[PDB]
$ cat my_file.pdb   # PDB, N, CA and C atoms and all ligand atoms
ATOM      1  N   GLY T3516       0.816  -1.202   0.000
ATOM      2  CA  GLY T3516       0.000   0.000   0.000
ATOM      3  C   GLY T3516       0.848   1.250   0.000
ATOM      4  N   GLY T3517       0.202   2.408   0.095
ATOM      5  CA  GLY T3517       0.924   3.659   0.049
ATOM      6  C   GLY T3517       1.444   4.158   1.373
ATOM      7  N   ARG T3518       1.440   3.328   2.410
ATOM      8  CA  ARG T3518       1.974   3.736   3.699
ATOM      9  C   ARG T3518       3.017   2.736   4.188
ATOM     10  N   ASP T3519       4.080   3.281   4.781
ATOM     11  CA  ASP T3519       5.022   2.552   5.628
ATOM     12  C   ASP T3519       4.314   2.132   6.908
ATOM     13  N   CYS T3520       4.008   0.845   7.019
ATOM     14  CA  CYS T3520       3.260   0.311   8.147
ATOM     15  C   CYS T3520       4.095  -0.315   9.250
ATOM     16  N   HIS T3521       5.419  -0.251   9.193
ATOM     17  CA  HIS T3521       6.166  -0.870  10.277
ATOM     18  C   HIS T3521       5.965  -0.061  11.559
ATOM     19  N   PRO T3522       5.996  -0.716  12.721
ATOM     20  CA  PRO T3522       5.640  -0.022  13.961
ATOM     21  C   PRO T3522       6.558   1.161  14.227
ATOM     22  N   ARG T3523       5.978   2.216  14.790
ATOM     23  CA  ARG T3523       6.737   3.330  15.334
ATOM     24  C   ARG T3523       7.030   3.018  16.795
ATOM     25  N   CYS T3524       8.300   3.061  17.161
ATOM     26  CA  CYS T3524       8.746   2.596  18.465
ATOM     27  C   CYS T3524       9.504   3.711  19.170
ATOM     28  N   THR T3525       9.203   3.898  20.460
ATOM     29  CA  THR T3525       9.767   4.965  21.285
ATOM     30  C   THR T3525      10.117   4.399  22.656
ATOM     31  N   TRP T3526      11.329   4.670  23.149
ATOM     32  CA  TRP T3526      11.700   4.221  24.486
ATOM     33  C   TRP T3526      11.152   5.144  25.561
ATOM     34  N   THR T3527      10.717   4.540  26.664
ATOM     35  CA  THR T3527      10.332   5.326  27.817
ATOM     36  C   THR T3527      11.577   5.851  28.502
ATOM     37  N   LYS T3528      11.358   6.750  29.452
ATOM     38  CA  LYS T3528      12.410   7.008  30.407
ATOM     39  C   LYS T3528      12.662   5.754  31.236
ATOM     40  N   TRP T3529      13.729   5.807  32.026
ATOM     41  CA  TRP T3529      14.053   4.742  32.974
ATOM     42  C   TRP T3529      13.273   4.938  34.270
ATOM     43  N   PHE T3530      12.672   3.858  34.754
ATOM     44  CA  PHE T3530      11.847   3.868  35.946
ATOM     45  C   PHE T3530      12.585   3.204  37.098
ATOM     46  N   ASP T3531      12.433   3.771  38.289
ATOM     47  CA  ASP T3531      13.084   3.226  39.474
ATOM     48  C   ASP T3531      12.134   3.532  40.633
ATOM     49  N   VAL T3532      11.117   2.682  40.793
ATOM     50  CA  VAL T3532      10.065   2.981  41.760
ATOM     51  C   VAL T3532      10.221   2.219  43.068
ATOM     52  N   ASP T3533      11.103   1.223  43.131
ATOM     53  CA  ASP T3533      11.285   0.440  44.341
ATOM     54  C   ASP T3533      12.766   0.524  44.712
ATOM     55  N   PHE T3534      13.069   0.301  45.988
ATOM     56  CA  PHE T3534      14.459   0.361  46.457
ATOM     57  C   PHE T3534      14.638  -0.805  47.422
ATOM     58  N   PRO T3535      15.684  -1.620  47.271
ATOM     59  CA  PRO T3535      15.776  -2.827  48.095
ATOM     60  C   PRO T3535      16.061  -2.509  49.554
ATOM     61  N   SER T3536      15.454  -3.301  50.440
ATOM     62  CA  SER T3536      15.800  -3.320  51.854
ATOM     63  C   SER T3536      16.248  -4.728  52.248
ATOM     64  N   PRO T3537      17.064  -4.877  53.298
ATOM     65  CA  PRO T3537      17.633  -6.199  53.613
ATOM     66  C   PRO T3537      16.590  -7.157  54.170
ATOM     67  N   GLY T3538      16.980  -8.422  54.202
ATOM     68  CA  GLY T3538      16.175  -9.453  54.809
ATOM     69  C   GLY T3538      15.674 -10.425  53.769
ATOM     70  N   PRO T3539      15.290 -11.621  54.219
ATOM     71  CA  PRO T3539      14.913 -12.689  53.278
ATOM     72  C   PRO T3539      13.650 -12.422  52.476
ATOM     73  N   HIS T3540      12.873 -11.399  52.785
ATOM     74  CA  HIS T3540      11.718 -11.122  51.946
ATOM     75  C   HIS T3540      11.810  -9.768  51.248
ATOM     76  N   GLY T3541      12.984  -9.134  51.256
ATOM     77  CA  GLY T3541      13.186  -7.913  50.507
ATOM     78  C   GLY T3541      13.594  -8.179  49.066
ATOM     79  N   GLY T3542      13.736  -7.095  48.322
ATOM     80  CA  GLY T3542      14.114  -7.191  46.928
ATOM     81  C   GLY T3542      13.858  -5.868  46.239
ATOM     82  N   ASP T3543      13.848  -5.924  44.908
ATOM     83  CA  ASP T3543      13.602  -4.748  44.075
ATOM     84  C   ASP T3543      12.615  -5.206  43.015
ATOM     85  N   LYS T3544      11.407  -4.652  43.038
ATOM     86  CA  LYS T3544      10.313  -5.100  42.175
ATOM     87  C   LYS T3544       9.940  -3.948  41.246
ATOM     88  N   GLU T3545      10.637  -3.860  40.113
ATOM     89  CA  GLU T3545      10.341  -2.855  39.094
ATOM     90  C   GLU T3545       9.387  -3.450  38.066
ATOM     91  N   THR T3546       8.212  -3.812  38.557
ATOM     92  CA  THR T3546       7.168  -4.368  37.708
ATOM     93  C   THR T3546       6.322  -3.243  37.123
ATOM     94  N   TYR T3547       5.704  -3.509  35.967
ATOM     95  CA  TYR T3547       4.807  -2.508  35.390
ATOM     96  C   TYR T3547       3.704  -2.126  36.373
ATOM     97  N   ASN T3548       3.154  -3.111  37.091
ATOM     98  CA  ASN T3548       2.183  -2.839  38.152
ATOM     99  C   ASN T3548       2.672  -1.774  39.128
ATOM    100  N   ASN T3549       3.857  -1.981  39.709
ATOM    101  CA  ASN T3549       4.371  -1.037  40.700
ATOM    102  C   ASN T3549       4.680   0.316  40.084
ATOM    103  N   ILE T3550       5.139   0.330  38.832
ATOM    104  CA  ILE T3550       5.501   1.578  38.164
ATOM    105  C   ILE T3550       4.261   2.425  37.938
ATOM    106  N   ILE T3551       3.202   1.799  37.434
ATOM    107  CA  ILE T3551       1.950   2.514  37.189
ATOM    108  C   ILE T3551       1.356   3.022  38.495
ATOM    109  N   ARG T3552       1.328   2.175  39.516
ATOM    110  CA  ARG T3552       0.758   2.596  40.788
ATOM    111  C   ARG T3552       1.601   3.643  41.492
ATOM    112  N   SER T3553       2.832   3.873  41.038
ATOM    113  CA  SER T3553       3.662   4.937  41.562
ATOM    114  C   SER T3553       3.414   6.264  40.842
ATOM    115  N   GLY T3554       2.368   6.337  40.031
ATOM    116  CA  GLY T3554       2.020   7.547  39.319
ATOM    117  C   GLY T3554       2.700   7.704  37.980
ATOM    118  N   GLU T3555       3.513   6.736  37.570
ATOM    119  CA  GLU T3555       4.274   6.847  36.335
ATOM    120  C   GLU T3555       3.480   6.349  35.138
ATOM    121  N   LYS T3556       3.648   7.049  34.019
ATOM    122  CA  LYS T3556       3.151   6.602  32.726
ATOM    123  C   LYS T3556       4.211   5.750  32.041
ATOM    124  N   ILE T3557       3.777   4.652  31.415
ATOM    125  CA  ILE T3557       4.691   3.817  30.637
ATOM    126  C   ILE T3557       4.412   4.107  29.158
ATOM    127  N   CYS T3558       3.589   3.294  28.497
ATOM    128  CA  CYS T3558       3.264   3.513  27.092
ATOM    129  C   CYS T3558       1.957   4.294  26.968
ATOM    130  N   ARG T3559       1.695   4.796  25.764
ATOM    131  CA  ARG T3559       0.355   5.302  25.515
ATOM    132  C   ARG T3559      -0.583   4.141  25.203
ATOM    133  N   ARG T3560      -1.883   4.426  25.248
ATOM    134  CA  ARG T3560      -2.880   3.379  25.027
ATOM    135  C   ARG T3560      -2.676   2.629  23.716
ATOM    136  N   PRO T3561      -2.436   3.288  22.574
ATOM    137  CA  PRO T3561      -2.284   2.543  21.314
ATOM    138  C   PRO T3561      -1.049   1.664  21.245
ATOM    139  N   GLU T3562      -0.037   1.904  22.075
ATOM    140  CA  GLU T3562       1.243   1.230  21.924
ATOM    141  C   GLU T3562       1.311  -0.064  22.732
ATOM    142  N   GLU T3563       2.247  -0.924  22.337
ATOM    143  CA  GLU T3563       2.460  -2.212  22.975
ATOM    144  C   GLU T3563       3.910  -2.330  23.418
ATOM    145  N   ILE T3564       4.097  -2.917  24.597
ATOM    146  CA  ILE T3564       5.424  -3.191  25.131
ATOM    147  C   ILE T3564       6.121  -4.224  24.253
ATOM    148  N   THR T3565       7.199  -3.807  23.606
ATOM    149  CA  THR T3565       7.900  -4.625  22.633
ATOM    150  C   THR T3565       9.250  -5.117  23.128
ATOM    151  N   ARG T3566       9.886  -4.382  24.037
ATOM    152  CA  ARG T3566      11.194  -4.753  24.557
ATOM    153  C   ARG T3566      11.332  -4.132  25.938
ATOM    154  N   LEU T3567      12.026  -4.840  26.818
ATOM    155  CA  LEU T3567      12.384  -4.343  28.141
ATOM    156  C   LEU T3567      13.902  -4.250  28.246
ATOM    157  N   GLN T3568      14.405  -3.207  28.900
ATOM    158  CA  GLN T3568      15.808  -3.192  29.284
ATOM    159  C   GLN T3568      15.896  -2.930  30.776
ATOM    160  N   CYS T3569      16.928  -3.523  31.387
ATOM    161  CA  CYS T3569      17.137  -3.540  32.830
ATOM    162  C   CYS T3569      18.607  -3.261  33.136
ATOM    163  N   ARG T3570      18.878  -2.517  34.214
ATOM    164  CA  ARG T3570      20.267  -2.305  34.623
ATOM    165  C   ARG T3570      20.323  -1.892  36.088
ATOM    166  N   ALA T3571      21.504  -2.071  36.683
ATOM    167  CA  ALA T3571      21.744  -1.569  38.029
ATOM    168  C   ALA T3571      21.820  -0.044  37.992
ATOM    169  N   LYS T3572      20.983   0.610  38.809
ATOM    170  CA  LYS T3572      20.840   2.070  38.775
ATOM    171  C   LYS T3572      22.171   2.788  38.962
ATOM    172  N   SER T3573      22.958   2.363  39.943
ATOM    173  CA  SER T3573      24.214   3.031  40.238
ATOM    174  C   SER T3573      25.401   2.370  39.552
ATOM    175  N   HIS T3574      25.153   1.379  38.690
ATOM    176  CA  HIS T3574      26.192   0.693  37.921
ATOM    177  C   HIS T3574      25.650   0.432  36.519
ATOM    178  N   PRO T3575      25.220   1.485  35.806
ATOM    179  CA  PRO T3575      24.379   1.270  34.613
ATOM    180  C   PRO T3575      25.082   0.611  33.432
ATOM    181  N   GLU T3576      26.413   0.523  33.409
ATOM    182  CA  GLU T3576      27.082  -0.019  32.229
ATOM    183  C   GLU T3576      27.372  -1.513  32.299
ATOM    184  N   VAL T3577      27.212  -2.147  33.448
ATOM    185  CA  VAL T3577      27.751  -3.481  33.664
ATOM    186  C   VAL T3577      26.703  -4.540  33.367
ATOM    187  N   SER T3578      27.174  -5.714  32.960
ATOM    188  CA  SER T3578      26.291  -6.865  32.919
ATOM    189  C   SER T3578      25.984  -7.300  34.345
ATOM    190  N   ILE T3579      24.707  -7.579  34.605
ATOM    191  CA  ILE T3579      24.296  -7.882  35.968
ATOM    192  C   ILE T3579      24.930  -9.191  36.415
ATOM    193  N   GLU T3580      25.204 -10.084  35.457
ATOM    194  CA  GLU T3580      25.845 -11.365  35.740
ATOM    195  C   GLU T3580      27.196 -11.172  36.418
ATOM    196  N   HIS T3581      27.928 -10.120  36.041
ATOM    197  CA  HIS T3581      29.240  -9.913  36.642
ATOM    198  C   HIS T3581      29.153  -9.415  38.074
ATOM    199  N   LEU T3582      27.959  -9.111  38.558
ATOM    200  CA  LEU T3582      27.755  -8.753  39.947
ATOM    201  C   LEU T3582      27.299  -9.947  40.772
ATOM    202  N   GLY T3583      27.188 -11.124  40.154
ATOM    203  CA  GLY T3583      26.709 -12.287  40.860
ATOM    204  C   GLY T3583      25.241 -12.242  41.207
ATOM    205  N   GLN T3584      24.500 -11.272  40.675
ATOM    206  CA  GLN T3584      23.105 -11.066  41.049
ATOM    207  C   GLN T3584      22.184 -11.921  40.197
ATOM    208  N   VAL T3585      21.123 -12.446  40.834
ATOM    209  CA  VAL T3585      20.106 -13.294  40.216
ATOM    210  C   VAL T3585      18.847 -12.450  40.088
ATOM    211  N   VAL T3586      18.485 -12.098  38.849
ATOM    212  CA  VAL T3586      17.372 -11.191  38.585
ATOM    213  C   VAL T3586      16.605 -11.734  37.386
ATOM    214  N   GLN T3587      15.376 -11.258  37.204
ATOM    215  CA  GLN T3587      14.660 -11.563  35.973
ATOM    216  C   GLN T3587      14.235 -10.261  35.315
ATOM    217  N   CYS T3588      14.524 -10.145  34.025
ATOM    218  CA  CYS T3588      14.141  -9.018  33.185
ATOM    219  C   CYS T3588      13.203  -9.562  32.106
ATOM    220  N   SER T3589      11.897  -9.561  32.373
ATOM    221  CA  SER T3589      10.925 -10.210  31.494
ATOM    222  C   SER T3589      10.023  -9.186  30.816
ATOM    223  N   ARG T3590       9.849  -9.341  29.507
ATOM    224  CA  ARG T3590       9.072  -8.358  28.764
ATOM    225  C   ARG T3590       7.637  -8.274  29.274
ATOM    226  N   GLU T3591       7.094  -9.369  29.810
ATOM    227  CA  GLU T3591       5.690  -9.354  30.209
ATOM    228  C   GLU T3591       5.442  -8.633  31.532
ATOM    229  N   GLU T3592       6.474  -8.419  32.337
ATOM    230  CA  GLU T3592       6.308  -8.096  33.756
ATOM    231  C   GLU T3592       7.133  -6.907  34.231
ATOM    232  N   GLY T3593       8.355  -6.756  33.746
ATOM    233  CA  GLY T3593       9.321  -5.838  34.320
ATOM    234  C   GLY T3593      10.491  -6.590  34.926
ATOM    235  N   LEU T3594      11.164  -5.939  35.869
ATOM    236  CA  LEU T3594      12.290  -6.567  36.548
ATOM    237  C   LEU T3594      11.882  -7.013  37.945
ATOM    238  N   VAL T3595      12.247  -8.238  38.303
ATOM    239  CA  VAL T3595      12.117  -8.687  39.685
ATOM    240  C   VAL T3595      13.452  -9.206  40.186
ATOM    241  N   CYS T3596      13.853  -8.733  41.373
ATOM    242  CA  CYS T3596      15.013  -9.229  42.100
ATOM    243  C   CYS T3596      14.523  -9.590  43.493
ATOM    244  N   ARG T3597      14.852 -10.794  43.961
ATOM    245  CA  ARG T3597      14.510 -11.232  45.311
ATOM    246  C   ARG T3597      15.771 -11.438  46.137
ATOM    247  N   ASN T3598      15.789 -10.907  47.363
ATOM    248  CA  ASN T3598      16.990 -11.080  48.177
ATOM    249  C   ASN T3598      17.281 -12.558  48.411
ATOM    250  N   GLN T3599      16.234 -13.377  48.561
ATOM    251  CA  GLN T3599      16.449 -14.776  48.916
ATOM    252  C   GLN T3599      17.191 -15.550  47.835
ATOM    253  N   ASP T3600      17.225 -15.053  46.606
ATOM    254  CA  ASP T3600      17.896 -15.726  45.499
ATOM    255  C   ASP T3600      19.393 -15.429  45.441
ATOM    256  N   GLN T3601      19.883 -14.485  46.237
ATOM    257  CA  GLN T3601      21.259 -14.029  46.105
ATOM    258  C   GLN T3601      22.194 -14.804  47.029
ATOM    259  N   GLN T3602      23.484 -14.756  46.709
ATOM    260  CA  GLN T3602      24.474 -15.454  47.519
ATOM    261  C   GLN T3602      24.724 -14.711  48.827
ATOM    262  N   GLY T3603      25.066 -15.475  49.864
ATOM    263  CA  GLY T3603      25.268 -14.925  51.185
ATOM    264  C   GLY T3603      26.692 -14.464  51.419
ATOM    265  N   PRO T3604      27.010 -14.088  52.669
ATOM    266  CA  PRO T3604      26.168 -14.176  53.874
ATOM    267  C   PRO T3604      25.288 -12.946  54.070
ATOM    268  N   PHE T3605      25.343 -11.984  53.150
ATOM    269  CA  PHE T3605      24.472 -10.809  53.147
ATOM    270  C   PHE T3605      23.691 -10.889  51.842
ATOM    271  N   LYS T3606      22.539 -11.534  51.914
ATOM    272  CA  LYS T3606      21.775 -11.908  50.734
ATOM    273  C   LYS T3606      20.955 -10.689  50.346
ATOM    274  N   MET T3607      21.419  -9.893  49.375
ATOM    275  CA  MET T3607      20.622  -8.706  49.102
ATOM    276  C   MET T3607      20.750  -8.215  47.664
ATOM    277  N   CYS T3608      19.605  -7.823  47.103
ATOM    278  CA  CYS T3608      19.553  -7.204  45.785
ATOM    279  C   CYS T3608      20.213  -5.837  45.758
ATOM    280  N   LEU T3609      20.850  -5.536  44.635
ATOM    281  CA  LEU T3609      21.196  -4.159  44.344
ATOM    282  C   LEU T3609      19.944  -3.432  43.857
ATOM    283  N   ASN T3610      20.073  -2.121  43.643
ATOM    284  CA  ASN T3610      18.984  -1.287  43.125
ATOM    285  C   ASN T3610      18.975  -1.280  41.598
ATOM    286  N   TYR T3611      17.846  -1.649  41.001
ATOM    287  CA  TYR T3611      17.715  -1.691  39.550
ATOM    288  C   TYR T3611      16.721  -0.650  39.048
ATOM    289  N   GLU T3612      16.791  -0.399  37.737
ATOM    290  CA  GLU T3612      15.849   0.442  37.005
ATOM    291  C   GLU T3612      15.555  -0.238  35.673
ATOM    292  N   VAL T3613      14.441   0.148  35.042
ATOM    293  CA  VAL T3613      14.012  -0.472  33.788
ATOM    294  C   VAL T3613      13.494   0.600  32.845
ATOM    295  N   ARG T3614      13.542   0.295  31.552
ATOM    296  CA  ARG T3614      12.845   1.118  30.568
ATOM    297  C   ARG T3614      12.255   0.207  29.497
ATOM    298  N   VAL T3615      11.249   0.742  28.801
ATOM    299  CA  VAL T3615      10.338  -0.005  27.944
ATOM    300  C   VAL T3615      10.344   0.595  26.545
ATOM    301  N   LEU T3616      10.354  -0.267  25.530
ATOM    302  CA  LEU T3616      10.161   0.168  24.149
ATOM    303  C   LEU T3616       8.683   0.050  23.800
ATOM    304  N   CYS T3617       8.053   1.183  23.485
ATOM    305  CA  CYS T3617       6.624   1.251  23.206
ATOM    306  C   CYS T3617       6.449   1.361  21.697
ATOM    307  N   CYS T3618       5.706   0.435  21.099
ATOM    308  CA  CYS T3618       5.539   0.397  19.647
ATOM    309  C   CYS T3618       4.066   0.487  19.270
ATOM    310  N   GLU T3619       3.761   1.276  18.242
ATOM    311  CA  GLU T3619       2.396   1.374  17.739
ATOM    312  C   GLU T3619       2.408   1.193  16.230
ATOM    313  N   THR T3620       1.525   0.309  15.726
ATOM    314  CA  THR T3620       1.459   0.072  14.288
ATOM    315  C   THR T3620       0.490   1.057  13.654
ATOM    316  N   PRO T3621       0.905   1.765  12.603
ATOM    317  CA  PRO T3621       0.012   2.730  11.953
ATOM    318  C   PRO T3621      -1.279   2.082  11.468
ATOM    319  N   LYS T3622      -2.267   2.935  11.204
ATOM    320  CA  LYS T3622      -3.608   2.469  10.876
ATOM    321  C   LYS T3622      -3.626   1.696   9.561
ATOM    322  N   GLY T3623      -4.490   0.683   9.507
ATOM    323  CA  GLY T3623      -4.737  -0.069   8.290
ATOM    324  C   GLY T3623      -3.529  -0.834   7.800
ATOM    325  N   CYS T3624      -2.909  -1.611   8.688
ATOM    326  CA  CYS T3624      -1.654  -2.256   8.363
ATOM    327  C   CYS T3624      -1.665  -3.693   8.876
ATOM    328  N   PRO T3625      -1.238  -4.669   8.052
ATOM    329  CA  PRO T3625      -1.263  -6.101   8.380
ATOM    330  C   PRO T3625      -0.447  -6.440   9.626
TER
HETATM  331 CA    CA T3701      14.728  -0.040  42.009
HETATM  332 CL    CL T3702      28.829   0.760  35.542
END

$ encode --input "my_file.pdb" --output "structure tokens" --more "lines below"
Ligand SMILES: [Ca+2]
Ligand SMILES: [Cl-]
Amino acid sequence: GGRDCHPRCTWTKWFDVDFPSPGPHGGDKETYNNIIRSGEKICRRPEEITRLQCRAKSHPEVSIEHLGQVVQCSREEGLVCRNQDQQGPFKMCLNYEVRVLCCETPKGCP
């Protein structure tokens, strides 16, 4: 047809709505649920979450694996880190942040 129909995609800002506290039930839960309930906007209504990125807030360039940290960065949910999953004897998550790629397909497009 006469239109470029590939999705238009825009990254959100980075969100950091939770901060870890110590103990076996602490962690850092940067889920879309928590982000929205913190007053933050993620995507607009027409757009769909297409990609998630995750990083340590105060160590933004490093692979999280090199910190020995056990985290999940899932497109459906956001980032979850649980203190109980980390190595001891001080079992604790670092502070993470996330950002989202929001994509919207133009009108009348397969
Ligand atoms: Ca956080
Ligand atoms: Cl870094």

$ resolve_selection --input "my_file.pdb" --expression "the PyMOL selection byres (((not hetatm)) within 8 of (chain T and resi 3702))" --output "count of residues only"
8

$ residues_near_ligand --input "my_file.pdb" --ligand "ligand CA 3701 (chain T)" --cutoff "8 Å" --atoms "all atoms listed in the file" --output "list in words"
residues 3530, 3531, 3532, 3533, 3534, 3535, 3542, 3543, 3544, 3545, 3572, 3609, 3610, 3611, 3612 and 3613 of chain T

$ select_by_dssp --input "my_file.pdb" --residues "chain T" --states "helix (DSSP H, G or I)" --output "list in words"
residues 3547, 3548, 3549, 3550, 3551, 3552, 3579, 3580, 3581, 3582, 3598, 3599 and 3600 of chain T

$ closest_residue --input "my_file.pdb" --among "T:3620, T:3606, T:3598, T:3527" --to "residue 3556 (chain T)" --atoms "only C-alpha atoms"
T:3527

$ resolve_selection --input "my_file.pdb" --expression "the PyMOL selection byres (((chain T and resi 3563 and name CA) around 12) and not hetatm and name CA)" --output "PDB file with N, CA and C atoms, in the frame of the given file"
ATOM      1  N   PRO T3522       5.996  -0.716  12.721  1.00  0.00           N
ATOM      2  CA  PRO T3522       5.640  -0.022  13.961  1.00  0.00           C
ATOM      3  C   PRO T3522       6.558   1.161  14.227  1.00  0.00           C
ATOM      4  N   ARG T3523       5.978   2.216  14.790  1.00  0.00           N
ATOM      5  CA  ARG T3523       6.737   3.330  15.334  1.00  0.00           C
ATOM      6  C   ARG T3523       7.030   3.018  16.795  1.00  0.00           C
ATOM      7  N   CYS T3524       8.300   3.061  17.161  1.00  0.00           N
ATOM      8  CA  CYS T3524       8.746   2.596  18.465  1.00  0.00           C
ATOM      9  C   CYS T3524       9.504   3.711  19.170  1.00  0.00           C
ATOM     10  N   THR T3525       9.203   3.898  20.460  1.00  0.00           N
ATOM     11  CA  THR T3525       9.767   4.965  21.285  1.00  0.00           C
ATOM     12  C   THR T3525      10.117   4.399  22.656  1.00  0.00           C
ATOM     13  N   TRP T3526      11.329   4.670  23.149  1.00  0.00           N
ATOM     14  CA  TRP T3526      11.700   4.221  24.486  1.00  0.00           C
ATOM     15  C   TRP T3526      11.152   5.144  25.561  1.00  0.00           C
ATOM     16  N   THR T3527      10.717   4.540  26.664  1.00  0.00           N
ATOM     17  CA  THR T3527      10.332   5.326  27.817  1.00  0.00           C
ATOM     18  C   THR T3527      11.577   5.851  28.502  1.00  0.00           C
ATOM     19  N   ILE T3557       3.777   4.652  31.415  1.00  0.00           N
ATOM     20  CA  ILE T3557       4.691   3.817  30.637  1.00  0.00           C
ATOM     21  C   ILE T3557       4.412   4.107  29.158  1.00  0.00           C
ATOM     22  N   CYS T3558       3.589   3.294  28.497  1.00  0.00           N
ATOM     23  CA  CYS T3558       3.264   3.513  27.092  1.00  0.00           C
ATOM     24  C   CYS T3558       1.957   4.294  26.968  1.00  0.00           C
ATOM     25  N   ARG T3559       1.695   4.796  25.764  1.00  0.00           N
ATOM     26  CA  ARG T3559       0.355   5.302  25.515  1.00  0.00           C
ATOM     27  C   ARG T3559      -0.583   4.141  25.203  1.00  0.00           C
ATOM     28  N   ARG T3560      -1.883   4.426  25.248  1.00  0.00           N
ATOM     29  CA  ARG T3560      -2.880   3.379  25.027  1.00  0.00           C
ATOM     30  C   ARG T3560      -2.676   2.629  23.716  1.00  0.00           C
ATOM     31  N   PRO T3561      -2.436   3.288  22.574  1.00  0.00           N
ATOM     32  CA  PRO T3561      -2.284   2.543  21.314  1.00  0.00           C
ATOM     33  C   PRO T3561      -1.049   1.664  21.245  1.00  0.00           C
ATOM     34  N   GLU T3562      -0.037   1.904  22.075  1.00  0.00           N
ATOM     35  CA  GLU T3562       1.243   1.230  21.924  1.00  0.00           C
ATOM     36  C   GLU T3562       1.311  -0.064  22.732  1.00  0.00           C
ATOM     37  N   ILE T3564       4.097  -2.917  24.597  1.00  0.00           N
ATOM     38  CA  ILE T3564       5.424  -3.191  25.131  1.00  0.00           C
ATOM     39  C   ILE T3564       6.121  -4.224  24.253  1.00  0.00           C
ATOM     40  N   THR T3565       7.199  -3.807  23.606  1.00  0.00           N
ATOM     41  CA  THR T3565       7.900  -4.625  22.633  1.00  0.00           C
ATOM     42  C   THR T3565       9.250  -5.117  23.128  1.00  0.00           C
ATOM     43  N   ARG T3566       9.886  -4.382  24.037  1.00  0.00           N
ATOM     44  CA  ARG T3566      11.194  -4.753  24.557  1.00  0.00           C
ATOM     45  C   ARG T3566      11.332  -4.132  25.938  1.00  0.00           C
ATOM     46  N   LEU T3567      12.026  -4.840  26.818  1.00  0.00           N
ATOM     47  CA  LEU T3567      12.384  -4.343  28.141  1.00  0.00           C
ATOM     48  C   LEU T3567      13.902  -4.250  28.246  1.00  0.00           C
ATOM     49  N   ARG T3590       9.849  -9.341  29.507  1.00  0.00           N
ATOM     50  CA  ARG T3590       9.072  -8.358  28.764  1.00  0.00           C
ATOM     51  C   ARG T3590       7.637  -8.274  29.274  1.00  0.00           C
ATOM     52  N   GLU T3591       7.094  -9.369  29.810  1.00  0.00           N
ATOM     53  CA  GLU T3591       5.690  -9.354  30.209  1.00  0.00           C
ATOM     54  C   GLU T3591       5.442  -8.633  31.532  1.00  0.00           C
ATOM     55  N   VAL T3615      11.249   0.742  28.801  1.00  0.00           N
ATOM     56  CA  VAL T3615      10.338  -0.005  27.944  1.00  0.00           C
ATOM     57  C   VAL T3615      10.344   0.595  26.545  1.00  0.00           C
ATOM     58  N   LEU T3616      10.354  -0.267  25.530  1.00  0.00           N
ATOM     59  CA  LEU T3616      10.161   0.168  24.149  1.00  0.00           C
ATOM     60  C   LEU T3616       8.683   0.050  23.800  1.00  0.00           C
ATOM     61  N   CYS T3617       8.053   1.183  23.485  1.00  0.00           N
ATOM     62  CA  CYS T3617       6.624   1.251  23.206  1.00  0.00           C
ATOM     63  C   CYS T3617       6.449   1.361  21.697  1.00  0.00           C
ATOM     64  N   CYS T3618       5.706   0.435  21.099  1.00  0.00           N
ATOM     65  CA  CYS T3618       5.539   0.397  19.647  1.00  0.00           C
ATOM     66  C   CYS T3618       4.066   0.487  19.270  1.00  0.00           C
ATOM     67  N   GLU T3619       3.761   1.276  18.242  1.00  0.00           N
ATOM     68  CA  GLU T3619       2.396   1.374  17.739  1.00  0.00           C
ATOM     69  C   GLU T3619       2.408   1.193  16.230  1.00  0.00           C
ATOM     70  N   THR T3620       1.525   0.309  15.726  1.00  0.00           N
ATOM     71  CA  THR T3620       1.459   0.072  14.288  1.00  0.00           C
ATOM     72  C   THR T3620       0.490   1.057  13.654  1.00  0.00           C
TER      73      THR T3620
END

$ select_by_dssp --input "my_file.pdb" --residues "chain T" --states "strand (DSSP E or B)" --output "PyMOL selection string"
chain T and resi 3523-3526+3530+3542-3546+3563-3571+3574+3586-3589+3593-3597+3611-3619

$ residues_around --input "my_file.pdb" --residues "residue 3579 (chain T)" --least-positions-apart "6" --cutoff "8 Å" --atoms "all atoms listed in the file" --output "VMD selection string"
chain T and resid 3569 to 3571 3585 to 3586

$ residues_near_point --input "my_file.pdb" --point "(13.3, -12.4, 55.9)" --cutoff "12 Å" --atoms "only C-alpha atoms" --output "list in words"
residues 3536, 3537, 3538, 3539, 3540, 3541, 3542, 3597, 3598, 3599, 3600, 3605, 3606 and 3607 of chain T

$ closest_residue --input "my_file.pdb" --among "T:3520, T:3581, T:3548, T:3622" --to "residue 3593 (chain T)" --atoms "all atoms listed in the file"
T:3548

$ atom_distance --input "my_file.pdb" --atom1 "atom N of residue 3568 (chain T)" --atom2 "atom N of residue 3621 (chain T)"
21.7 Å

$ atom_distance --input "my_file.pdb" --atom1 "atom N of residue 3595 (chain T)" --atom2 "atom N of residue 3546 (chain T)"
6.0 Å

$ atom_distance --input "my_file.pdb" --atom1 "atom N of residue 3528 (chain T)" --atom2 "atom C of residue 3596 (chain T)"
21.8 Å
